[PDB]
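# Just need the structure, nothing else, for what follows:
(one chain, ligands or ions: 3)
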Amino acid sequence: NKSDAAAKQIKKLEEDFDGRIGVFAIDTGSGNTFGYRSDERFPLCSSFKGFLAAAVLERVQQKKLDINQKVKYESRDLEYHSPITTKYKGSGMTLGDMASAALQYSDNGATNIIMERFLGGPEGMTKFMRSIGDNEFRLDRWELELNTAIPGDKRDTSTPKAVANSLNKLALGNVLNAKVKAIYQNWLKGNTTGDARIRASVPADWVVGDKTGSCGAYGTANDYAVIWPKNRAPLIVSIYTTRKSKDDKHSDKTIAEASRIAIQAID
Ligand SMILES: *C(=O)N1C[C@H](NOS(=O)(=O)O)CC[C@H]1C(N)=O
Ligand SMILES: [Cl-]
Ligand SMILES: [Cl-]
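Residues are numbered from 1 along each chain as shown. Ligands and ions are numbered 1, 2, ... in the order given. See the structure here:
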């Protein structure tokens, strides 16, 4: 019945802002879980960039790539929203710096460059996810087109549960070795976009690593996080939303609230 109460609360919240909320949360210290719409599809938007950074680190770990190899792009027309790659166009960036920009600032140039040159495009990004046992995730298009968040479209979607399981595996599990996982965690912990989301749903002294997504259409926005509560084993929270209408804006406050509810549901 605690699951049932949390379900009623999410259902009401999603009705209050005329949209759809999907939630999965895991307490890693007990195995307890909470889901609502946990198997339904939601656009990933920028959130997939957190997995794209994990894929680079796996490549590094495998000695396929080097974390400090110079990535050069002096002639490229940077995609819109490339705040970090635009500052280093003249000089190039290290591969590790590039991947972390794609994660912590959602940098679109960084994303496109990495998929074109190191990850085998959207199909290769999908391949990596299948290789960690994620069967729901799919990326179909490149930046910026992956963001259209058309209702009923299944391109560039995943499920809250699968995203949560995958972040569990990547941030806490054993896909990455102890060394390279620490780096991923640090990247996550220093995300710059997430302050009004899962982060705002927890005490200021809990440590959080997250990655947000804001398609910019259909009120579509999301966040996933590892939370290290003080004196307790880590939580995983995954929150996805869509809204009914094209011009609807996303709601940071609904995400934060949905995370507050999900985190009490697994208390
Ligand atoms: C991510 O969805 N995008 C990059 C940028 N927003 O960063 S955030 O989503 O992490 O907050 C603008 C919108 C969107 C994109 N690819 O256009
Ligand atoms: Cl996923
Ligand atoms: Cl957040």
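
# can you tell me the residue of the stretch 101-250 of the chain closest to ligand 3?
Nearest residue of the stretch 101-250 of the chain to ligand 3: residue 194, at 2.7 Å (C-beta to the ion). From N, CA and C alone the C-beta is placed, and that goes for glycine too.

# residues touching the residue most central in space within the chain, list them.
Residue closest to the average C-alpha location in the chain (C-alpha atoms, centre = their mean): residue 47, at 3.1 Å. Residue 47 makes contact with 163, 211-213, 222-224, according to C-beta atoms under 8 Å, 6 or more residues apart in numbering.

# now do 6 Å
211, 213, 222 (C-beta atoms under 6 Å, 6 or more residues apart in numbering).

# Distance to residue 68 added to these, as JSON lines?
Putting the contacts of residue 47 into JSON lines (distance: C-beta to C-beta, whole Å) gives the following:
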{"residue": "211", "distance to residue 68": "23"}
{"residue": "213", "distance to residue 68": "28"}
{"residue": "222", "distance to residue 68": "31"}
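
# So which of these wins on neighbours?
Top of the contacts of residue 47 by neighbour number is residue 211, holding 30 neighbours under the definition other C-beta atoms under 10 Å.

# coming back round to it: please tell me how far the residue nearest to the centre of the chain sits from residue 203.
24 Å (C-beta to C-beta, to the nearest Å).

# Quick check, residue 175 in contact with residue 132.
Yes - if you go by C-beta atoms under 6 Å, residue 175 and residue 132 touch, sitting 5.3 Å apart.

# The two: which has the busier surroundings?
With neighbours defined as other C-beta under 10 Å, residue 175 and residue 132 compare such that residue 175 has more, 21 against 17.

# Wait, a helix at that one?
No - per DSSP: H, G, I helix; E, B strand; the rest coil, residue 175 lies outside any helix segment and is coil.

# Export stretch 145-159 to CSV, keeping only CA atoms.
Once non-C-alpha atoms are left out, stretch 145-159 reads as follows in CSV (Å, rounded to 0.1, in the frame of the first residue of the first chain):
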residue,chain,number,x,y,z
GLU,A,145,16.5,16.2,-34.4
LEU,A,146,16.5,13.7,-31.5
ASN,A,147,14.7,16.4,-29.5
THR,A,148,11.4,16.7,-31.3
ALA,A,149,9.4,14.7,-28.6
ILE,A,150,6.5,14.1,-30.9
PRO,A,151,3.6,12.4,-29.0
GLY,A,152,3.4,8.7,-29.9
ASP,A,153,6.9,8.7,-31.5
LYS,A,154,9.1,5.9,-30.2
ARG,A,155,12.4,7.2,-31.7
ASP,A,156,14.9,8.4,-29.1
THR,A,157,13.1,7.0,-26.2
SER,A,158,13.6,4.7,-23.2
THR,A,159,11.7,3.8,-20.0
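
# name the element the nearest residue to residue 252 once chain neighbours are set aside belongs to?
Excluding the flanking residues, the one nearest residue 252 by C-beta to C-beta, 6 or more residues apart in numbering is residue 196, at 3.9 Å. Residue 196 belongs to no helix or strand when assigned by DSSP states H and E.

# From ligand 2, how far off is residue 196?
Separation of residue 196 from ligand 2 (C-beta to the ion, to the nearest Å) stands at 23 Å.

# likewise residue 58?
In this view, residue 58 and ligand 2 are 15 Å apart by C-beta to the ion.

# Same check on residue 264?
Between residue 264 and ligand 2 the distance is 24 Å, computed by C-beta to the ion.

# For that residue, give me phi and psi.
Main-chain dihedrals, residue 264, degrees, to the nearest 10: phi -80, psi -30.

# Now do the SS call for the residue lying closest to it once chain neighbours are set aside.
Distance criterion C-beta to C-beta, 6+ apart; nearest residue to residue 264, sequence neighbours excluded, is residue 6 at 6.9 Å. For residue 6, the assignment made with three-state DSSP gives helix.

# how about residue 6, what does it touch?
34, 261, 265.

# and if you look at residue 71?
So residue 71 contacts 92-93, 95, 98 (C-beta under 6 Å, 6+ apart).
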